[PDB]
Undergrad: 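Before anything else, here's the structure in question.
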Amino acid sequence: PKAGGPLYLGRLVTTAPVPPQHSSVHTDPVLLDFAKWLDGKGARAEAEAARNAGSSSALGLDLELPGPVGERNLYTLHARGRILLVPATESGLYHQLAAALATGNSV
Amino acid sequence: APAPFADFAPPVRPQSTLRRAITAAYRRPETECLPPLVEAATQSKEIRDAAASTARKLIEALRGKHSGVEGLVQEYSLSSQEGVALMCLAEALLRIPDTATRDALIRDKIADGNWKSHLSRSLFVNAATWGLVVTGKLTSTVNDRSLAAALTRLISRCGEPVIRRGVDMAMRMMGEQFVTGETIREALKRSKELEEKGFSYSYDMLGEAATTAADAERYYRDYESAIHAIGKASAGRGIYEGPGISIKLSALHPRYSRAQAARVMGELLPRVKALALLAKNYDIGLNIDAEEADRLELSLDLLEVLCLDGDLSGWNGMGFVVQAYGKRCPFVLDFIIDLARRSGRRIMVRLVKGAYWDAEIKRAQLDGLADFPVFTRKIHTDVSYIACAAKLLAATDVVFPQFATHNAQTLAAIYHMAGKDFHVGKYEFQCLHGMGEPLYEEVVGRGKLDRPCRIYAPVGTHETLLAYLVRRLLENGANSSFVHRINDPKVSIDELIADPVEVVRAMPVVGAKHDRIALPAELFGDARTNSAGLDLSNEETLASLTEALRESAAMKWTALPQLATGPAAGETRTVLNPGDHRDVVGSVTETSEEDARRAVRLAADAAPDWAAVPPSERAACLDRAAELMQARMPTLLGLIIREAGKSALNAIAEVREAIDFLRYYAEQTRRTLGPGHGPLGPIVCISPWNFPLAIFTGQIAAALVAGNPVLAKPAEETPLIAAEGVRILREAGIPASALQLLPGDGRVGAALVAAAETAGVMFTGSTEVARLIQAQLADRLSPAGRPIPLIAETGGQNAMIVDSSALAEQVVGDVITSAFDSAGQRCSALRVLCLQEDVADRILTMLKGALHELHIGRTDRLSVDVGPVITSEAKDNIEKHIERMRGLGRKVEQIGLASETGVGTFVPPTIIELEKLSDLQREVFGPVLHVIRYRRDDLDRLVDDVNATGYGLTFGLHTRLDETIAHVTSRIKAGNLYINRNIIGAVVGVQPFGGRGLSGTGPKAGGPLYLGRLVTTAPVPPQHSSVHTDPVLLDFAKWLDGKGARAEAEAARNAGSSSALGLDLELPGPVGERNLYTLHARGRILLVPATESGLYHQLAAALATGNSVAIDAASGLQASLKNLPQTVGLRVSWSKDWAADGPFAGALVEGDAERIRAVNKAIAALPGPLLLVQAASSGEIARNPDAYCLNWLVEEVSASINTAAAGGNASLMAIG
Amino acid sequence: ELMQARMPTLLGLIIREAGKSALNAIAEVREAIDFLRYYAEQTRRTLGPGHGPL
Ligand SMILES: Cc1cc2nc3c(=O)[nH]c(=O)nc-3n(C[C@H](O)[C@H](O)[C@H](O)COP(=O)(O)OP(=O)(O)OC[C@H]3O[C@@H](n4cnc5c(N)ncnc54)[C@H](O)[C@@H]3O)c2cc1C
Ligand SMILES: NC(=O)c1ccc[n+]([C@@H]2O[C@H](COP(=O)([O-])OP(=O)(O)OC[C@H]3O[C@@H](n4cnc5c(N)ncnc54)[C@H](O)[C@@H]3O)[C@@H](O)[C@H]2O)c1
Ligand SMILES: OCc1ccc2occc2c1
Ligand SMILES: [Mg+2]
């Protein structure tokens, strides 16, 4: 994560905290479609994990940070891009997909 | 048969001189109200100095002793969101009744994270209220994801100790501060301490705004039980020393309104009398709280009867609030003082400033009224208060003044105005529990000012108190409020003790309106004049309207084929009132198909002369027509009421909409139309019966002002108001050759559509009829060899989604209005209510109770809520649907209809409980609400189900949760969205109206793209641009360059820039609402290319506007799109069977005239939505960069958000 | 606080050791100060017993 930013300290502990201001009201639509698909096949635990990931993801965060006058300093969270998924089990793959899709990524 | 309007709105009683003086001041200009108040409020210099010294002393004592939430936030270093989230968690934990169980959950489960796992209902449902508590700022909706993050963060950081502190704080605030007690017994026990110091109490059981008979009965029994408890505790102390009760009339009847005055006097009055009789027996005060401005005068009729009722004689405990923020206040006081003299009852008069200020501003703006019924500068209310106190203090022998205020300046002014002679019973002050005690502990008692204060003491559970806590917090928490300013270190005591009377006296214009609050007529500023409505709570208006309505029923209304050459002969028949077929409204002469064809030829011959009238002069005709319709509104109302089954309220809205269309299209013309925007030619305007003046006028006005002569074919059911609209337009200067009225049925419409000179068709009506028109036009090409433009605005299957965070009373009101207003005969009407499972039973019970309070009947009575359906055929069609549903086992709730409905065609408002949204097939255009339930996790599937009907007109969402708003509004596909409000009555230029799919081709009526469809070269609409470039368009442009298609790549880049996809505007409108207008992709566009270059141009146009495409595989052009970037490939499909690969949202066609005609026929044959087709030849694509117009490749979406839904207006908290 | 108070001395070292101009040495020390205070504040906003160190 970026130095001098709110995600940094969470990389230095074994369980990351929720950083200040770190949330988003947006839900990835592909995540939503994935959760419905999991629902349909009866993967109830995974569908719940998918919905939870969709909500806790901060993808789409778009903040203005306090700073000097005459400048607008913006901070935004986007998808990483394409995530390599190395699953072992079907449930693990569904959980990995949920995490990656909820954050806007392809896999 | 009863004479039309003979019983329209008779007053409860003849209006006395004193009552008439009240009504005359209702919306009196602010500059006229203030001078007499300044005069009445003037005091000597000695008194003003003494009052200032007293106020300073009170304020110094207040500031010298001035924290619970603030101390918690400080101790745990909480952010604002953490503080709010903590209080929401505490609120939820306090819903666990058993203390040991709650503490176990805290210690073992909550404190160790995973609070979400243990706590159907968002924890944050009331976060807007807690936000006000924590931050002092109101936010209408809740950022539940921010709060969830904050709660996780604070619990993980601080653990059980912070949860414990939050729970204890919330318990204290909700049990002891926001209320005196949870029950009347607890409240009475806690009142002893301050009663021993010289305070008294008035208890508020928090009932308000009954939605159902059962609600009203519950509030009644709560008041009755409280009176017993209060009277037992009073134990003979009497009405001044002892406690009393306060009631709200709105709690005691579900239809407490002027429109239902007869039910109010017959049903509500006896309930108040029974409570008053009990208060009399215990000799306690019973105060009638004051509510919205439109209930003031009605409440006076109850006060009059009660004070004159001999059964209540001997008791002086009847009390009544008057709101000094209201322009009628001094005249109301004159009436009350006189009533006290006549009755011999020493009426207890509570003078307040007023609690509904923001809402009164919004309401007056929405209703287009002349002025506000309240002041708009806070200092005006203060002067009004002091002036009214002077009037009350001169009448203490006949009334008991009660000065309710937390403002130490107001208090001091009155304390000195009242003078040194005091006895208990002369007057008192009042304050709110848990707010006013610090001030009044400097007042009550011989060691202070030795004046008594009555504490208004809310009593109720957490659920009850939270319902309207936002309104109560704004009373003392807005930037202009004394209690906010006392706590502001930047506000000096000198500022707080400023004398409002002398400040107002010295202003350059005494009583000027607030500069930042628009009068309703000025909502749109310089763009245009807002239409004006009528106040159906104003007795003067009701009396004048009664006469105008009766006069309108004595008119010999006719509709004739008004050809350019003059009225034509034809088959003549009467037009009957749908609510009573014995009431003949007028006569219509219908147009022969021969004369319809002749009218088109005359329009074609007249086209150059009308096109040559400059746009500004055409617009001036529309503006003159709007003035004429405004002046004629009362007469137009009467015709609409009788011809179309509309209530007076709905007819007012109908005429306002017509006026607004005229003025909006006039202004849009003045902004856009020039010599190069040539008219299409004769336009056939076919309109529906259900908005028989507004949509009729809108289509015609738009076509005319764009320079097209018009053939106006109104619905066969409602020709009279259409003929009057044409008469008005002709009087306004539209030449007879430019506007021909052709009454008759669908045959006249079809004959007009098929006429060779018809250059465009504007259709509003059913989807099925639009499909027939689409098929008719598919045969046709213009002389230039291009499709005849069709605007086809069609039906809806409109849903509202309600989650567990919505306020049931608000939902039910918006549902009852959206589903059953106009007997559901609005295209926007709510058809499918979707209730989250956890709240569905409660809301459904309330909805059914509200349904049964509707009055169905002939609409020439103000008390009628729901009129008839337009015809027996419509009635039969609706009833067949109801019986089909009933036959499938679905639960059906229906109002019982009165026998008087038998003379017309009525369908009772009906609620049908469905299992799945697929139980519905097509739009049922009647008063039939369907209800489905959904589990929260299935919300996204539900939105899919709503979209799956293929309709896309209006859509409503009731939620407080930002995550749900963002989710639902991003996934729903409808043209008009409404958040936390009803889904009907879209306003021109504010909610540009129209949908997608089976609901419309667009462009939206009342929006900025409309006129551009009615000319051959569309202008650039005002504000129509976007800085955003579609990224797939950009990828396609680079691909084209890589392929060597250099000119096409440049055209693609130009399309990317020219596209207005991503336009996102807020439109001016009333306060307390945000009205947004955005341009999105249409969806999947069918491309029918002929050449590779044509395909590249079509793809560029479609991609630049955000769309995907299905390309006709029969074009043989597959090899032209080899090696597309993946981003473009995702948007591209090839279609061999167009009907299999839809629905499409538009089409682009390349070819010669006969290829275009053939393709247009094949497109018209596709199932489902009418497609907006644009065609061009290969040569046109080469010559004209705008061969395909990007205006028609985007979809307009209007969203109207009620930002007052949380209970107040945050922006207006800064307006004082 | 110590880096702020000793900034003039730190500047001299940074100027001579790392080839920085005075303005860029000021920026260097300021950035160190800001990291210290920012991570301190972010810690006060977030870290609790369950966020164990690596
Ligand atoms: C015991 C008690 C009982 C009450 N009962 C009722 C009741 O039955 N019905 C009712 O409607 N109110 C009632 N009120 C009043 C209302 O709830 C507020 O408490 C009151 O209006 C606040 O006035 P103030 O002197 O306390 O505060 P101040 O801050 O001096 O005044 C605030 C008031 O100024 C007015 N105001 C604010 N901005 C503007 C503006 N831009 N233009 C014009 N006026 C403005 C509003 O009325 C606002 O509430 C009652 C108040 C008390 C104390
Ligand atoms: N999208 C909107 O803005 C909007 C607005 C109001 C009403 N509507 C829809 O209008 C419908 C109700 O109005 P209505 O009952 O008058 O609709 P309708 O389709 O019955 O009739 C509309 C008009 O088309 C005419 N007509 C009928 N058959 C025709 C034909 N074969 N060729 C040419 N014209 C023909 C009628 O005479 C009438 O003037 C509802 O479906 C409602 O949802 C849509
Ligand atoms: O908050 C005090 C209060 C008391 C009675 C009321 O009646 C209507 C609004 C209102 C406010
Ligand atoms: Mg019809």
Side-chain angles (χ1 to χ4, degrees), chain A residues 26-37 39-40 54, chain B residues 767 793-803 818 827-836 914 917-920 923-924 930-934 936-959 964-979 983 993-1002 1004 1078-1086 1106-1108 1110 1140-1146 1166-1172 1194-1199:
Chain A
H26 308 286
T27 308
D28 183 277
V30 178
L31 180 282
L32 287 170
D33 289 348
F34 184 57
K36 286 180 304 192
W37 178 80
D39 282 331
Chain B
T767 303
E793 299 303 280
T794 50
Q797 190 68 281
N798 309 308
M800 175 187 291
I801 295 180
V802 178
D803 75 10
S818 297
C827 53
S828 53
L830 174 61
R831 309 306 187 186
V832 186
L833 175 65
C834 310
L835 298 177
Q836 192 186 317
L914 297 185
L917 226 165
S918 53
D919 297 355
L920 293 195
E923 175 190 56
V924 177
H930 307 84
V931 177
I932 61 182
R933 311 160 76 103
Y934 72 96
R936 173 53 180 95
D937 291 340
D938 297 330
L939 176 58
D940 193 57
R941 185 270 306 149
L942 171 65
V943 174
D944 289 338
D945 290 348
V946 172
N947 289 338
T949 71
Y951 293 95
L953 191 51
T954 59
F955 172 81
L957 171 65
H958 268 256
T959 179
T964 296
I965 294 171
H967 172 187
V968 172
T969 62
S970 70
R971 305 279 268 175
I972 194 71
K973 298 185 307 172
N976 280 83
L977 313 181
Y978 303 89
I979 298 172
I983 67 170
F993 186 81
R996 60 165 328 280
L998 297 174
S999 298
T1001 58
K1004 285 176 170 283
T1078 58
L1079 296 183
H1080 301 256
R1082 284 243 172 167
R1084 190 166 300 263
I1085 307 297
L1086 177 64
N1107 298 292
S1108 63
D1141 302 333
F1144 304 116
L1166 300 177
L1170 280 71
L1171 299 192
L1172 201 167
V1194 293
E1195 188 168 282
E1196 298 165 282
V1197 178
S1198 163

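In what follows, chains carry the letters A, B, and so on, assigned in the order in which the sequence lines appear, proteins first and then strands, with residues in each chain numbered from 1.
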Undergrad: Which one of B:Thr949, B:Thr954, B:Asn976 satisfies the side-chain hydrogen bond (donor to acceptor under 3.5 Å, both in side chains) criterion with B:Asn798?
TA: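 Single side-chain hydrogen bond (donor to acceptor under 3.5 Å, both in side chains) partner of B:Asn798 among B:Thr949, B:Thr954, B:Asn976: B:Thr954.
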
Undergrad: Passes salt bridge (charged side-chain N to carboxylate O under 4.0 Å, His left out), B:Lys1004 versus B:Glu1196? Steps please.
TA: CA-CA 7 Å; B:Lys1004 285 176 170 283; B:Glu1196 298 165 282; over 6 Å; no

Undergrad: As a test of understanding, state which of B:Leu917, B:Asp945, B:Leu914, B:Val931 forms a side chain to side chain contact (heavy atoms under 4.5 Å, CB included) with B:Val832.
TA: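 So, applying the side chain to side chain contact (heavy atoms under 4.5 Å, CB included) to B:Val832 and each of B:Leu917, B:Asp945, B:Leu914, B:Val931, only B:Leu917 qualifies.
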
Undergrad: Which one of B:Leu939, B:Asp803, B:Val968 satisfies the side chain to side chain contact (heavy atoms under 4.5 Å, CB included) criterion with B:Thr959?
TA: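 Only one of B:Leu939, B:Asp803, B:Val968 forms a side chain to side chain contact (heavy atoms under 4.5 Å, CB included) with B:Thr959, namely B:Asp803.
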
Undergrad: Between the main-chain N or O of B:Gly1002 and the side-chain N or O of B:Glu793, is there a donor-acceptor pair closer than 3.5 Å?
TA: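 Checked: pair present.
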
Undergrad: Tell me the closest heavy-atom pair linking B:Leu957 and B:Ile965, and the distance in Å.
TA: CD2-CA, 3.7 Å

Undergrad: So, taking the atom named CZ in B:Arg996 and the one named CG in B:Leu1170, what distance separates them when rounded to the nearest 0.5 Å?
TA: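 It is 12.5 Å, given to the nearest 0.5 Å.
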
Undergrad: Looking at B:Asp944 and B:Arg941, is there a salt bridge between them, counting it only when a charged N and a carboxylate O are closer than 4.0 Å?
TA: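 Answer for the salt bridge query: no.
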
Undergrad: Taking it one step at a time, do B:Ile801 and B:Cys834 satisfy side chain to side chain contact (heavy atoms under 4.5 Å, CB included)?
TA: CA-CA 5 Å; B:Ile801 295 180; B:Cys834 310; 4.1 Å; yes

Undergrad: Are the side chain of B:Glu923 and the backbone N or O of B:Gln797 linked by a donor-acceptor pair below 3.5 Å?
TA: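 No, B:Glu923 side chain to B:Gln797 backbone: no donor-acceptor pair under 3.5 Å.
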
Undergrad: Just how far is it from atom CG of B:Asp937 to atom CD of B:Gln836, taken to the nearest 0.5 Å?
TA: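 Taking CG in B:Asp937 and CD in B:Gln836, the distance rounds to 9.0 Å.
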
Undergrad: Closest approach of B:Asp940 and A:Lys36, non-hydrogen atoms and distance?
TA: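 Taking B:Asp940 first and A:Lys36 second, the nearest heavy atoms are OD2-NZ, 2.8 Å.
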
Undergrad: Report the distance from atom CZ of B:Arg933 to atom CG of B:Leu833, rounding to the nearest 0.5 Å.
TA: 11.0 Å

Undergrad: What are the two closest non-hydrogen atoms of A:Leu32 and B:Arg971, and how far apart are they?
TA: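 That would be CB-NH2, 3.7 Å.
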
Undergrad: Measure the CG-CG distance between B:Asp1141 and B:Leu1086 for me, rounded to the nearest 0.5 Å.
TA: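 Spacing of CG (B:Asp1141) from CG (B:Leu1086) equals 9.0 Å.
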
Undergrad: Which atom pair, heavy atoms only, marks the closest approach of B:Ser999 to B:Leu953?
TA: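 Shortest heavy-atom contact: OG-N, 3.4 Å.
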
Undergrad: Just by modelled atom types, is the B:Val1194 backbone N or O under 3.5 Å from a matching donor or acceptor in the B:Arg1082 side chain?
TA: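 Yes: the side chain of B:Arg1082 pairs with the backbone of B:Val1194.
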
Undergrad: Is there a donor-acceptor pair under 3.5 Å between the side chain of B:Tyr934 and the backbone N or O of B:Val802?
TA: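 Yes; judged by distance alone, with no hydrogens or angles, the pair exists.
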
Undergrad: When you measure from the side chain of B:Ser818 to the backbone of B:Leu830, do you find a donor-acceptor pair of N or O atoms at a distance under 3.5 Å?
TA: no

Undergrad: Mind checking the NE2-CD1 spacing from B:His958 to B:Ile979? Nearest 0.5 Å is all I need.
TA: 10.0 Å

Undergrad: Do side-chain atoms of B:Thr767 reach the backbone of B:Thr794 as a donor and acceptor pair under 3.5 angstrom?
TA: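 Checking the backbone N and O of B:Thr794 against the side chain of B:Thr767, no donor-acceptor pair under 3.5 Å is found.
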
Undergrad: B:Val946 and B:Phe955: which non-hydrogen atoms are nearest, and at how many Å?
TA: CG1-CD1, 4.4 Å

Undergrad: Of all heavy-atom pairs between B:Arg1084 and B:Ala1110, which one has the smallest distance, and what is that distance?
TA: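 Residues B:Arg1084 and B:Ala1110, closest heavy atoms: CG-N, 3.8 Å.
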
Undergrad: How many angstroms lie between atom CG of B:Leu920 and atom CD1 of B:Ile932, to the nearest 0.5 angstrom?
TA: 8.0 Å

Undergrad: Is the backbone of B:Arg831 close enough, under 3.5 Å, to the side chain of B:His930 for a donor and an acceptor to pair up by distance?
TA: yes

